[PDB]
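Fold and contact review
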Amino acid sequence: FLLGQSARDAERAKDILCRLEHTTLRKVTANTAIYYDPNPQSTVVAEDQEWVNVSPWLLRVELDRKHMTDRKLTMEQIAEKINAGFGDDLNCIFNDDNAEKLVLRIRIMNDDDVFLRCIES
Amino acid sequence: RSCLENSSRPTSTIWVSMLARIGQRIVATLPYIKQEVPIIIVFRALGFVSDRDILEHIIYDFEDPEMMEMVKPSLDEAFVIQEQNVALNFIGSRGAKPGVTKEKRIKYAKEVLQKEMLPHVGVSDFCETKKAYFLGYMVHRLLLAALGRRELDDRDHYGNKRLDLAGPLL
Amino acid sequence: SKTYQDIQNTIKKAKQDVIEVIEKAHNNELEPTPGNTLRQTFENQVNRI
Amino acid sequence: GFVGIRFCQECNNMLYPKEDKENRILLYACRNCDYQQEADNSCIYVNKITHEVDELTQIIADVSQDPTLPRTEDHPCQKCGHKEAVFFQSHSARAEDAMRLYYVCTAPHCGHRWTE
Amino acid sequence: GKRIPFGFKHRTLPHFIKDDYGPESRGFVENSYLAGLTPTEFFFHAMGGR
Amino acid sequence: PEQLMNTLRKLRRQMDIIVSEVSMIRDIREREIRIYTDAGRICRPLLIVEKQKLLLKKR
Amino acid sequence: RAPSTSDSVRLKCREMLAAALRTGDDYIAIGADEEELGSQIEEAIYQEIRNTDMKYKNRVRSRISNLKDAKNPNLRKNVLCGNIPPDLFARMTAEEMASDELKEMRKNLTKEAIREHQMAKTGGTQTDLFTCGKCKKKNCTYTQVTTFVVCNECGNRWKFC
Ligand SMILES: [Zn+2]
Ligand SMILES: [Zn+2]
C-alpha cells in the first residue's frame, strides 16, 4: 500500500513499481555484437561518440528505447552500475540521449576472446 | 524408446538433452553408460574425425548461422578428442564394468555403439553411417525445439501411444 | 418460441462479436489490454463475450 | 547479421578467431592444424537479445497443399497474381506477442508467401 | 480454467481447421440439454465433465 | 513428397502392396513422411472423400 | 563575465565549448560572443562539480556532443540566443537537451508503457439500483452467474440469490 501522494496518481506510483521490480540488463538490451574494433574511433559499426571521446576488442551493445523509458533510466546510471559490478576491470563509452540508436561500447584496459563473452553473461 | 523387433534385447530408452545454463551444452544419456556424454563425443566415437563432417549430419542448412552458433558451445567442448580411438576411450571409461586395460575399454565402447544404442537403425558390423543420421536427427530435432521452431511433444497424445494386446503381452 | 428466437439472436450476435475480435487480432489491432500479452487479451475478450 | 562457422582448409576443423599481435589484424587459426587464414568480417560473435526473427524465412512453400488448412480468395499473390491463398498463425514456439497471420500463394511453381 | 486445448495439431478435433479459435471450435456448447448436443460439443462436454 | 503420398494411399486402398492396417502420415510444416506398419496402433474406419463427394456411391 | 582560469584542463574545455557553439555559424547571425558563452557554461559546470575529474570531463563532453548534434540545431541556437542561460544548460539532463521530436517520442513511449501496465478495470454492469450497506452510496457494479454486486466507492461485495 502506498503512503502519500503516490497513492493517488498512477504516474507517481509507476516509478515506485519500477523501484521494486527486478530489472536486469536483459530487459533493456536488444543486440550483443562483440567486434574487433582495433581503434575506438574507427567505429567499425558507424558511430560518432568515440571520435569526440578520444584494448583492441569491443562489445557493441545496442539498448532498447521503449524499455528504457518505461522504467525511466538513463545510460548514466546503467554505465555507473555496470562499473559498480566490475570495478577497474572495464569501461563504458555510452551514447547520448539525442541519437537514434542506444549503443554501448565496452573495452578492457589495465583466453582474451572468450572473456568478453564471459563478462557479457 | 528404440527397439528392433521383439528382440531378446529389450527397448533402450535413449535420451538426448539440453543443459540449462559458455552456456548451451547438449548430452546423450546412452544406455548402460554410468552417466550422460556430450553428443559430439558420440559422433567422434562413430568415426567422424573432421568437424565439418559431424555437423553435416546434425545441421542440414549450412546457410543459417542460427543453428551454427548453437552447436559451437558443444563443438568447443570436445576439441581434445579428435580421433576415433581416444573417443572410444572416453565412452569406454564410463561403462558399468570399466576395463582394467585400455583395450578392454575400447572393446566396450565399440560394442555399446553397435548393439546397445539405437538398435532399430541396425545392429550390423558397419551401420555407423546410418546410426549417425538418426542421432543427428535427434540432435537436430532438439535444436528445433530449443530455437522454438517447432512445438513440444505431448506425452498424453494417443497417437504417441500403443496398446499391448493379447499378442504382444504374450 | 419467442424465447427460442431471442436465444438464437443472442447467440448469433455472440458468434458475430467473436468474429470481429478475431479480425482485430488477425489484422493486429487488438492492443494488449494492459497487464496481458496479446494472446491473453484475446482470450479475455472472447470469454467475456 | 551473423557470423558463420568458417572451417579449416587443412584438417577441415573449426577456425577460432584470433587477433594478430604485431600487425594488429584479426586472424582465423585452427587447433588441430597450423592454418592461419585472414578474417574479413571484423565481427566475432553476435547475439540477438530481442531474438528478432522474420517468420517468412522459416515458411516453406509446401504448405499450400494442406487439406486441413483454411483457404481464402480475398488476398491475391504479388508475383503471379493468383487468387487462392492459405493462411495460418505463426505456428511457432517463442512467439512473442503476435496472432499475425501468414499467407502462401496456392499455385504451383510460385510458392510466394507474404504477411498482411 | 482455459478453453478446450489444441489436442491435435493447432486444432481441437479433426473436424475443425488449423488455428480455429471460434466458439464452436474450442468448447462453447451452444445447444441445450433439451435440444441435444452436436457430436463435437458432446465430446467437449465430456472433456469438461471429466 | 506429393508423388509418394498419392501413390502410397492408392495402394493402401487397393489392398495390394501396402496392407489396410498401415498408417501413412504426411507432415507439411516439417518435411517428413511417417509410415507405421507396427502393431498396437488404435485406428478406426472413415469414408473417403474425393472432390467434395463420398466414394460410398449407391452401388 | 566568466572569471579567467589558469587551469589547462578548464581552458581546453572552454575552447572546445566555444568550438561546439561555432558549429553551423549560427553565432554570426545572432551576434553572440561564443568565447564568453563557452566560458560561462564551463564555469557553471565547474561550480557544481568543483573538481576536474572524469565526472567533470564527461559532463563537458556531453554538452559538446549535444551542441554539435546535426539533428538538434535548435538547442545550439537557443543557447546562443540566451533562451537557455549558461547555468541552466550546465545542469540540464540528456532528456531535457534532446530534440523536440525525441522528447515527444519519449513522452509517448512513457505514456504507452504506463497505459499497458494499468490493470484492466474488472468488467460488469454499472447500476444505481443497488445501495451499498457500508457507505450508503448507489455506485455499484453487478454480474449474474445469482447476482454478484460490488460497490465502486468502498469495494464492499455481496450477492443475491
Ligand atoms: Zn584446421
Ligand atoms: Zn503466387
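Method-wise, the PDB entry is recorded as coming from cryo-EM, at a reported resolution of 3.0 Å.

1. What about the coordination of the zinc ion (ligand 1)?
All names here are of chain D. For the zinc ion (ligand 1), the full set of protein donor atoms is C8 (SG), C11 (SG) and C30 (SG), at a range of 2.3 to 2.4 Å. Along the chain, the residues that donate to the zinc ion (ligand 1) are spaced as C-x2-C-x18-C. Here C30 lies in the loop between β2 (25-29) and β3 (37-38) and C8 lies in the segment before β1 (16-20), a separation of 22 residues in the sequence. Using a relative accessible area of 2% as the deciding quantity, one classes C8 as buried. By relative accessible area, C30 is classed as buried at 14%.

2. Quick notes on empty space enclosed by the protein
The volume enclosed by the largest cavity comes to roughly 80 Å³. Every residue lining the largest cavity is counted, 13 residues in all, and those nearest its centre are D51(B), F79(B), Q82(B), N13(D) and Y16(D). Broken down by class, the residue content of the lining of the largest cavity amounts to six nonpolar, three polar and four charged.

3. So, the sheet that holds strand β8 (residues 113-114) of chain D
Residue and element names in this part refer to chain D. Taken in spatial order, the four strands make up an open sheet running β5-β6-β7-β8, and their pairing is antiparallel. The two strands at the open ends of the sheet, each matched to only one other strand, are β5 (71-72) and β8. Pairing analysis gives four bridges linking strand β6 (residues 85-88) to strand β7 (residues 102-105), with the strands arranged antiparallel. Counted as the bridge partner of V86 is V104 from β7.

4. Overview of a nonpolar patch on the surface
Together, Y158(B), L163(B), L165(B) and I42(F) make up a nonpolar patch on the protein surface, roughly 420 Å² of accessible area in all. Among the secondary structure elements, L165(B) is positioned in the segment after α7 (128-146). Its relative accessible area of 58% is what places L165(B) among the exposed residues.

5. Observations concerning the arrangement of the chains
There are eleven pairs of chains in contact here; the most contacts are made by chains B and D. Taking C-alpha atoms only, the smallest gap left between chain A and chain B, which are not in contact, amounts to 7 Å. A gap remains between chain A and chain C, with no contact made and the closest C-alpha atoms lying 13 Å from each other.

6. As for helix α3 (residues 75-86) of chain A
Residue and element names in this part refer to chain A. Between its first and last C-alpha atoms α3 spans 16 Å; for twelve residues at 1.5 Å apiece the expected length is 16 Å, and the two agree. All of the buried residues in α3 are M75, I78 and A79. For α3, the angular spread of buried residues about the axis comes to 90 degrees, placing them on one side. Every exposed residue of α3 that faces more than 90 degrees away from the buried side is listed here: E80, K81 and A84. Structurally, α3 contributes buried residues whose contacts are with β2 (58-63), β3 (90-92) and β4 (103-104).

7. Focus: the sheet that holds strand β4 (residues 157-160) of chain G
Residues and elements named next belong to chain G. Strand order across the open sheet formed by four strands is β1-β2-β3-β4, with antiparallel pairing between neighbours. Unpaired on one side and paired on the other, β1 (125-127) and β4 mark the two borders of the sheet. Strand-to-strand, the axes of this sheet are offset by a mean angle of 30 degrees, without reference to chain direction. When β1 meets strand β2 (residues 140-144), the two strands line up antiparallel, connected through three bridges. Across the sheet, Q126 pairs through a bridge with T141, a residue of β2.

Calculation rules
Residues numbered from 1 in each chain as written, not as in the entry; some residues may be left out. Chains lettered and ligands numbered in written order. Part of a larger assembly, values for the part shown. Heavy atoms only, no water. Donors = N, O, S within 2.8 Å, 3.2 Å for Na, K, Ca; no water. Helix = DSSP H or I, 4+ residues; strand = E, 2+ residues; numbered from the N terminus. Buried < 20%, exposed > 50% of the residue type's maximum accessible area, 1.4 Å probe, protein only. 1 Å grid on protein atoms, 1.4 Å probe; cavity = no way out; pocket = protein on both sides within 12 Å on 5 of 7 lines; lining within 4 Å. Points joined across faces, edges and corners; volume = space filled by probe spheres on them. Nonpolar A, V, L, I, M, F, W, Y, C, P; charged D, E, K, R; others polar. Pairing = 2+ DSSP bridges. Patch = residues over 30% accessible without salt bridge, like charges linked within 9 Å, V, L, I, M, F, W, Y side chains within 5 Å. Areas by Shrake-Rupley, 256 points an atom, 1.4 Å probe, with all protein chains shown as cover. Salt bridge = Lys/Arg side-chain N within 4 Å of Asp/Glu carboxyl O. Contact = heavy atoms within 4.5 Å. Expected span 1.5 Å × (residues − 1). Arc of directions from axis to C-beta. Axes fitted to C-alpha atoms, helices over the stretch in contact; angles between N-to-C directions.

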